[PDB]
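Colleague: All I have is the shape, not the residue letters:
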Ligand SMILES: [Cl-]
Ligand SMILES: [Cl-]
C-alpha cells in the first residue's frame, strides 16, 4: 500500500526497485520501509529481481534467457491481460537491466521503463529494442500478489 | 490433508517436519489452482529463496541437471499424465556432482542411471526446477 513519496534518490531508484514498484502499483518508499535496500545479490540482476519479488510476495512464472530476435514469439504466447517484468542483457552494461510490460485484451504489447519514464507501444517496440542495444532477455510473468 | 507433496517436499528441504512447518505458515490452500504457485507461495512464507526455471519437457532434464552447480538443494514440480495438478519432489547435486532425487510422500530415493527409468515410470511430461539459494530452519 503506497506511502508518501518523492520518488526518493541515490540507488533505491534502480531498475529492479523501480520496475517492481510500478508492477505492484506502489512506490519505492513503501518498498524500502518494508524489505529494505537490497544490494546486488550474487552479481546477477535476475537473482536480485527474483529475490525482491520473493520478499514482496509476487508469484511469477519465468521464461529463460533467449535472443531478442525471438521476443515477439514469447510476446505472442503470453496470455491477454498480463503484467510482466523483462530483464535484458545490454552491450554496454556488465549487469542486466529491468523494464516492465503488459499485454492488453486485444493482445497488444506496451513496455514501460520506469527509471527513465519511457513508454513504448507495439509498432515502436522493434525500433526500441534495437536502439537500446538489447541482446538477450528474460520475461518474469506475474501470476498473483 | 497436509500429507501433500508440496508440504512434504518443503519440510524435507528445510530439515524439519510438516507439523512444525504448519504452526508457521498455517495451512495455506492450493493458490491459483497451481502446485507451482502454491510451492512459490509456501517458500516465500518460510524464507526459502529460490531461482525459478522455465517449464521444460522432461527429455531436456539431464541438460538442466548438467548445468546445476555442485552442493545444490532444489525442488522439482512435475506435470503428470494422470494428475490434474502438479507433483513436487526434492533434489540434490552433492559435492561430487551426482544428482539424487527424493519423493518424500512415498519415501523414494533415486540416484543417477535410475533417473531416466524413474521419470518414465512416473508419467512425468514437463517439469520446473526451484533452486534453493537460502534456508531459515
Ligand atoms: Cl490505482
Ligand atoms: Cl542470470
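Modeller: The structure has been received and is ready for your questions. Residues are numbered from 1 along each chain as shown, chains lettered A, B, ... in the order given. Ligands and ions are numbered 1, 2, ... in the order given.

Colleague: From now on I want contacts and neighbour counts done on CA atoms only, so please keep to that.
Modeller: Will do.

Colleague: ok, now which ones touch residue A:128?
Modeller: Neighbour list for residue A:128: residue A:120 [criterion: Cα atoms under 8 Å, 6 or more residues apart in numbering or on different chains].

Colleague: What's the first helix or strand after the one helix or strand it maps to?
Modeller: Taking DSSP states H and E as the definition, one finds residue A:128 inside helix A:125-131. Counting by DSSP H and E, the next helix or strand C-terminal to helix A:125-131 is strand A:134-144.

Colleague: what lines up beside that following strand in the sheet?
Modeller: Sheet pairing of strand A:134-144 (DSSP bridges) gives strand A:59-67 (antiparallel), strand A:82-90 (antiparallel).

Colleague: Tabulate those strands (CSV), appending mean neighbour count.
Modeller: As requested, those are arranged in CSV below (neighbours: other Cα atoms under 10 Å in any protein chain shown):
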stretch, mean neighbour count
strand A:59-67, 17
strand A:82-90, 21
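
Colleague: number of nearby residues for residue A:138?
Modeller: By other Cα atoms under 10 Å in any protein chain shown, the residues close to residue A:138 number 22.

Colleague: mind listing the strands in chain A by residue range?
Modeller: For chain A, the strands defined by DSSP state E occupy A:59-67, A:82-90, A:97-103, A:109-113, A:118-121, A:134-144.

Colleague: Give me the distance from the shortest one to the chain's centre.
Modeller: Centre-to-centre, strand A:118-121 and its host chain are 13 Å apart (Cα atoms, centre = their mean, to the nearest Å).

Colleague: What of stretch A:124-142?
Modeller: Chain-centre distance of stretch A:124-142: 11 Å, with Cα atoms, centre = their mean.

Colleague: ok, and for it, which residues are buried?
Modeller: By 16 or more other Cα atoms under 10 Å in any protein chain shown, the buried positions in stretch A:124-142 come out as A:125, A:129, A:134, A:136, A:137, A:138, A:139, A:140, A:141, A:142.

Colleague: swap in stretch A:108-126?
Modeller: Residues of stretch A:108-126 classed as buried by neighbour count (16+ other Cα under 10 Å): A:109, A:110, A:111, A:112, A:113, A:114, A:115, A:119, A:120, A:125.

Colleague: Find the pair from the residues you listed with maximum spatial separation.
Modeller: The span of the buried residues of stretch A:108-126, defined through Cα to Cα, is set by A:109 and A:115 at 19.3 Å.

Colleague: who does residue A:84 bridge with?
Modeller: Counting by DSSP bridges, residue A:84 forms beta bridges with residue A:101, residue A:141.

Colleague: mind listing what it touches?
Modeller: Counting by Cα under 8 Å, 6+ apart, residue A:84 has contacts A:23, A:100, A:101, A:102, A:139, A:140, A:141, A:142.

Colleague: Done for today, thanks.
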